[PDB]
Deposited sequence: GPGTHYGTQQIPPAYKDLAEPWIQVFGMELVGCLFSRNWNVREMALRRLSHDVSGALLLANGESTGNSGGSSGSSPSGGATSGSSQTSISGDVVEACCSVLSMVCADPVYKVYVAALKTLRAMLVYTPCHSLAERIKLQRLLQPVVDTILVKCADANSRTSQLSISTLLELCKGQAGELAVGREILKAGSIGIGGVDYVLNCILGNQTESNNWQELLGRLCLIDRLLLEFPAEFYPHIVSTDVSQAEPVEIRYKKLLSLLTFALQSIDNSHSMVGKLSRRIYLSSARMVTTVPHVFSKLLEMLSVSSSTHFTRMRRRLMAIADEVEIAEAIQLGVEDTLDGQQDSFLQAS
């Protein structure tokens, strides 16, 4: 049975997937929810195949924005398998269709971003791995239309927009920490995307715009009153500085950005980068 508060949200789901299955999504028995999602993955696969689709992708994304928040790990896994099953049969051949899919999925990525900072490693690691796979676009396991020439969802740039978007709402400590946890893994996983100088083949603000957008975000919470939000924000910035010692003009920009404020952590941060600069003999 569907609780009264969810009647309007569930109605489009029912229209597409039928009352029986949607009811199971709300079951109190996690086995029933897990089984419902296993069935949903097949329902969605079969419906999308039938379109050699809009209603189906929309209702599936809507379901997934709910169940990807499920606190039961085995249900979350089933939810993520449904997400993959949808993506590989989804038709996306035009920038218009890309924009539409990006918006429908944004609430789903939001739920996953939160769980990147779940206390439990297997849940955070699966969440991080999922969004890293999304970053790989049409060469990853979440490629759009993988099972049937798709233009894909937008890879890293799309995930970056999700990380950096809707900041006035997705700003509690765990929503920030999950974003920061993913940011730290992005810089580690795809260094060439953020540190162009490592590919051996124009101004700093332009060439490094992607990195600078993530360090700007990090700087907004280096003073956060949650210990791990604050620590990871600072540690991200210090690691980036270490990475750009081979390119002093970039290092200079990071030091410059720490003049936007005289608060203590900026001062501390600035003295830390001065120290790295001396250690490595780039103090000009």
item: Stretches of the record's deposited sequence for which the structure holds no C-alpha atoms; value: 1-9, 62-89, 186-188, 242-246, 330-350
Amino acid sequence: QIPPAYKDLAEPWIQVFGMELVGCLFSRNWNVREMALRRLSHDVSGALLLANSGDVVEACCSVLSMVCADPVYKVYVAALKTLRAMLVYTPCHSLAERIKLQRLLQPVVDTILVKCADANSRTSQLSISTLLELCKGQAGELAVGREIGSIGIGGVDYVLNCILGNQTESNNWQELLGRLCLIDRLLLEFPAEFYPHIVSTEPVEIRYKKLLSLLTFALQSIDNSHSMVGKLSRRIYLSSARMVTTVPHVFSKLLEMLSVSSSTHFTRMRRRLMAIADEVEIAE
From here on, numbers count along this sequence of modelled residues.
| item | value |
| --- | --- |
| 211-219 versus 247-255 - which carries the larger mean C-alpha B factor in the record | 247-255 |
| Mean C-alpha temperature factor, higher of 94-102 and 79-87 | 94-102 |
| From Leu177, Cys162, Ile128, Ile148, residue of greatest CA B-factor | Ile148 |
| Relative C-alpha B-factor of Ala51, binned into the chain's lowest, middle or highest third | highest |
| Assigned third (lowest, middle, highest) for the C-alpha B factor of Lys231 | lowest |
| For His197, the third of its chain into which the C-alpha B factor falls | highest |
| Lowest, middle or highest third - CA B-factor, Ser225 | middle |
| Where the record places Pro203 (Cα B-factor, split into thirds across the chain) | highest |
